[PDB]
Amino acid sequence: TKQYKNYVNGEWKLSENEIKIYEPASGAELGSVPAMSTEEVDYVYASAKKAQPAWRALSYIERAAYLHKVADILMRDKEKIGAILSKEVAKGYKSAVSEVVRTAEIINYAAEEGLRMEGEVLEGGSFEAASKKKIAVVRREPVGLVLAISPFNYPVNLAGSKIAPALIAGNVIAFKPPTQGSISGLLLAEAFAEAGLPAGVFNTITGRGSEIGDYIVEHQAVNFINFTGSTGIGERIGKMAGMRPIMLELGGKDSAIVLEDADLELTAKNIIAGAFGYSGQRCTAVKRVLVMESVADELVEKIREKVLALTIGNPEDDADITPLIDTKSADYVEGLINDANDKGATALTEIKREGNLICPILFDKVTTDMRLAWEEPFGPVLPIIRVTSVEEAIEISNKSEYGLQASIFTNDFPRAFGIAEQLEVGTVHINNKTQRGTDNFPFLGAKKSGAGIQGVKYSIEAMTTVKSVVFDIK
């Protein structure tokens, strides 16, 4: 079909071999992306390295100007990009357009945030009297070449969240979108190409993991690896990074702790939106409800009728529950469903699969003995775990190897804050479903959920180092 090309050193390049991409919801051929060689990756890196000095030499306002233009182009082509993105990752069309819009928003915000990254002046006299004439002028500097790897669920948005912060600070980029999402990633590249950023500043890489997977990370040209994906690959990247800085956004199994004094209707609505969005294919999402026994029956019934209201179908029809990314993912989800059922869990909503389209399932009576209580499904299945104390909810919650976010539903805020402190997660939302939401806020995880702090200002400081110049006055 349409043969897409990689953007390398200001030029569009096809490769000798290609990878055909198909729509998860229909199997229809979407087009093809290049299957790059290691030699081709070498060229991308060499081009970026050559271009970095001149890019860093520009003023901050000039780099922000380029980024603003990119965002403007995305807004202009949001329908065009959204249409393909919707088809490529089986995401509802309007939701796909939303991803592009949020990408433009983050890119603009990072542009303005990045030009406000001030330095500091330190006094020697603060530490020792003899060094009172000694001052340190410390300023921020880019790390060099940043390798950005986006995920299939947010191939464009979670690409811009890494790209914009890196670029504003003077770093150059090598963007590797997920294969299932590479066409959308190359469409994102078109915006950078049209914006006119100097050749070599922004480049893209597409190909098979077996061929270039480790190669792109182990390459000595790369000064920083910013990745969103599976924990297994994140672990491997950490090792391959060696001593080089990294940022990892891995899995999540966000717990929603529900106390006896919680607004059950508000809780139920939040749990529904958080758990079933994009068919549960989101890292930050309610994946387990730890509810006090006395209010469990009532909450569960409220959630059951709300699950029945969810639409199920195709991405072009903006259905709440769309087909999962692939067959293997759907099979994995079933294994979890089977395990729970076999161990005694109660499916309160119909268990049905058509192709890779699994209907939303509410599982009550879920125990810690079930895989569903621990493993991230990335499917439309929600387990309810009944607890008898806040202490139990906290131990169950913390036992997870994941620690992205948590939700606390209660009307006792001081208590909510105390519980929040004990929870091994990056962010705790009080009376609200978990969310990366409001991109200026920090986004991070504890334990196996990741490494490094995201959020615009934080991602900016992460991909920058400092240069200290010390001298004596008089």
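In case it trips you up, residue 1 is the first one in the sequence shown, and so on.
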Between 50-58 and 407-415, which has the higher average C-alpha B-factor in the PDB entry?
-> 407-415
Ranked by mean Cα B-factor in the entry, 246-254 and 292-300, top stretch is 292-300
Among 166, 233, 148, 97, which carries the highest Cα B-factor?
-> 233
Per the coordinate record, which of the options 136, 107, 205, 115 holds the highest CA temperature factor?
-> 115
In terms of the chain's CA B-factor thirds, is residue 443 lowest, middle or highest?
-> lowest
Just say lowest, middle or highest third for the CA B-factor of residue 332 relative to the other modelled residues in its chain.
-> lowest
Third of the chain's Cα B-factor distribution that residue 454 belongs to, per the entry | highest
Third of the chain's Cα B-factor distribution that residue 427 belongs to, per the entry = lowest
For residue 401, the third of its chain by CA B-factor is the middle
